[PDB]
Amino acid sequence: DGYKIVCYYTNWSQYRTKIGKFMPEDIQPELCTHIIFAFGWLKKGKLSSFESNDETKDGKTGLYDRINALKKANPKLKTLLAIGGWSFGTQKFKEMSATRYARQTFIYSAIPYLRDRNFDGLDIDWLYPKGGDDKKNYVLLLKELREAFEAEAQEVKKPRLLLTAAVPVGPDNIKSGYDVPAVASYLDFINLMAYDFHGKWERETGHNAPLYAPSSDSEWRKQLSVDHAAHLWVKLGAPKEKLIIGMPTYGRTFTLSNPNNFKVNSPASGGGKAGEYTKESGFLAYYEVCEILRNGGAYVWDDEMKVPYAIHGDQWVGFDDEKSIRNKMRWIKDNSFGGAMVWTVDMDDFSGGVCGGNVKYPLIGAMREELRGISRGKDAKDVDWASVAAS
């Protein structure tokens, strides 16, 4: 194939208002190599629909089909259905993976659920397995998924269902839940969630996803970087080419205790203000940060972490822009990784009119440029935030 651009689509972006309202049709069919639908759900231990909107029933197409319709314009595109995520909790996953009967019950529900809806594979987003029991059962679930997927592919003579998983970057989390060598052997590839290294759960300011940890940081702290985390999965037994490194189209926000101290690892009095469209304190969509910059926000590039943050009053945002991204893509190329994962496709300037470069998908578009050599076309150019906004 080459390098992968795996984009996560979220079915709750449909509920956003004005510039943030996102429908599947807002995805260019050749933007990504894989689209992962977030999320499916679990019910009675079986793969089920999150809510009716995703399913098509009344002769009105649901979100599943509206997504998978993208494969008509681009046959080479692959779609997966992801189950889990944060809001899903762990308890249901523990119970599903507990016994072989519990697992197989899930597995044999999943395969027809996926085929009947024209999905090409399955993404397991259990956050996270924890303890020695989960560590074993997590592996068992992946193994038995792989086995069955394989068997089915041969019986029905179709290309095999893909099996993937989103996995964490917190060293603690990893050690405690993931038999990495085996976990990787059964997955087709690995979505490394190289983000949420820092957030409103901390009394300090920190970047959502630095490539390298600052000098300001503590040595134990220094472990928190996209570079350390990724190399840590290779060290534990993961194949380089199965690692798809996560890239955030969102930023984690803070409120400065004192707006005069706006440097990274400054004291913060809690999370930053909610975005107007995302409506959740502690983060903003990249297009929501563009608005801040284009309305008096100051921009700062941290040449240590190779990522930027922005400030407006006592509001502090760590994010990724085209400069931050590209540098990362080169990093991927350099370390020979599988490609890029993107959380999310719906929080990039998908419309083209917000950040101001008049280019749809400036970020993921730049990932596809660097990794797969496909121009954003025309004369589109990175917005040069430095000059554009105050310091």
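Numbers follow the displayed sequence, beginning with 1.
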Report summary line: For 234-242 versus 211-219, entry-based mean Cα B-factors point to 211-219
Query raised in the report: Taking the recorded C-alpha temperature factors, which stretch has the higher mean, 379-387 or 6-14?
Result: 379-387
**Report entry** Which of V345, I36, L47, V354 ranks first by CA B-factor in the deposited coordinates
**Finding:** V354
**Report entry** Third assignment of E280 from its chain's C-alpha B-factors
**Finding:** highest
Report summary line: Quick tally, chain-level thirds of C-alpha B-factors: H312 sits in the highest
Query - Lowest, middle or highest third - CA B-factor, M305 - result: highest
Query raised in the report: In terms of the chain's CA B-factor thirds, is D227 lowest, middle or highest?
Result: middle
Report summary line: In terms of its chain's C-alpha B-factors, the third that includes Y299 is the highest
